[PDB]
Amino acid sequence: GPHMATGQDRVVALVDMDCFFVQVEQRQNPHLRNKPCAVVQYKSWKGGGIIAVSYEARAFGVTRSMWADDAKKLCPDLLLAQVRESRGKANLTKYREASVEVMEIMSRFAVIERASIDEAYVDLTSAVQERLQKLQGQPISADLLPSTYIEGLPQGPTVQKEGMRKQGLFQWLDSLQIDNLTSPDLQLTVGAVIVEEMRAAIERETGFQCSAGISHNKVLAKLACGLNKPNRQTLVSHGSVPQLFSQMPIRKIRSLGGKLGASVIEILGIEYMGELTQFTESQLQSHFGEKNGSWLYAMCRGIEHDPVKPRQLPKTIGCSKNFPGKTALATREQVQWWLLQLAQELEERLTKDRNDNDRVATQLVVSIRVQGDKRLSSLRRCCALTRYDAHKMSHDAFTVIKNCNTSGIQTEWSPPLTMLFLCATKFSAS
């Protein structure tokens, strides 16, 4: 009764850019705006690999992971922008710099957690309290929430989509108790007002549109964000969770999209997140371990405690390249040439990082894949990173992997390498 924690202590948002690499290319090239468009890496193998897709192109069935030649079969007029190539490899610098643009704007509203190149979580709890205090019992007008969906509404006793959005919002605001500064529903609502402001600033100052979710924790914020993409934000209330989760496939929840999620389904013989409520915490711990079990027990009730970390910068800087099929590296000088290419890009990015962010990486991780290995990385070794010098770093990387060569004579490399990866880690202030 008075003691069950309801996980409504925080207001958390997740802001995620719409079709992000496409928007970066569309800002740069106005000819691509309002068109079926995709961003592609490489070209020679089946037209290149698609890694981002405009919403116009999604209507034709184009997706990420698609080869551009196959995408062209679905959408003949699909426009394509190519990822930059430098030193023999895809180079994602334009998108990393566009990301920084957005992260720096978000950081004006609150401390953010960078969660990917195109999204960040925001803990808005403190900001909400302050916006509430200067509101002074003022109701929140629908005009302050022009792009907001309230999940689960309208409901109960118009066939257009913007009309439905407003009816839901009206029901939500009609039910609110703006008199209570400690009311979670009110706090989420004010949270949504702030996120409209944040999203407006992002679009105003970069030209990029985004979506967002507002809830009481990260997992619900992430889920909410996706519910009404693109260019809209969604509020998922604590009260909306039972209905939402009652038909929500388990795999849809962040962290459950892989093997653990499949095991929850198989072991418990269930399909939907809501079905998890019928197991005791000990039961879930018994199958999925102490941490996962407790996490699942709270999550299916809409409760999660993972904090929004104060980290705006990536904590690693890495360079990697696959060498598929018959391009696998089979000679020493080949291996060394590509270690140098990767190292030169790493040096460039590292030197820029040091000047911008007052830190130095101290560890170099070197990873390779060998032909005939199922897994993504075959071998991972670390060595000291003491100087931002590409030739030193590549020479060092070679030294850590020299012995992986199974060939008798030194000139050949066997079995051939299908992946090289250099990653700088363990930053210290400088």
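For every residue, the number given is its place in the sequence shown, counted from 1. The term rigid core refers to the most C-alpha atoms you can superpose between the two forms while keeping them within 1.5 Å.
- Between 354-362 and 182-190, greater CA displacement relative to the shown form is found for 182-190 when the structures in 7 other deposited structures of this protein are fitted on the core.
- Once the structures in 7 other deposited structures of this protein are superposed via the core, the pair 78-86 and 172-180 is resolved in favour of 172-180 as the more displaced stretch (C-alpha RMS).
- Once the C-alpha B-factors are averaged per stretch, 235-243 and 138-146 rank with 138-146 first.
- The mean Cα B-factor in the deposited entry runs higher for 400-408 than for the other of 400-408 and 59-67.
- Take 155, 125, 357, 280 and read off each C-alpha B-factor from the entry; 155 has the highest.
- Taking only the listed residues 51, 37, 382, 361, the entry reports the highest CA temperature factor at 382.
- In this PDB entry, the Cα temperature factor of residue 207 sits in the bottom third of its chain's modelled residues, the lowest group.
- When the modelled residues of the chain are ordered by C-alpha B-factor, residue 90 sits in the middle third.
- Ranked by C-alpha B-factor against the other modelled residues of its chain, residue 215 falls in the lowest third.
- Annotation for residue 111: C-alpha temperature factor in the highest third relative to the rest of the modelled chain, per the entry.
- In the deposited entry, the Cα temperature factor of residue 117 places it in the lowest third of its chain's modelled residues.
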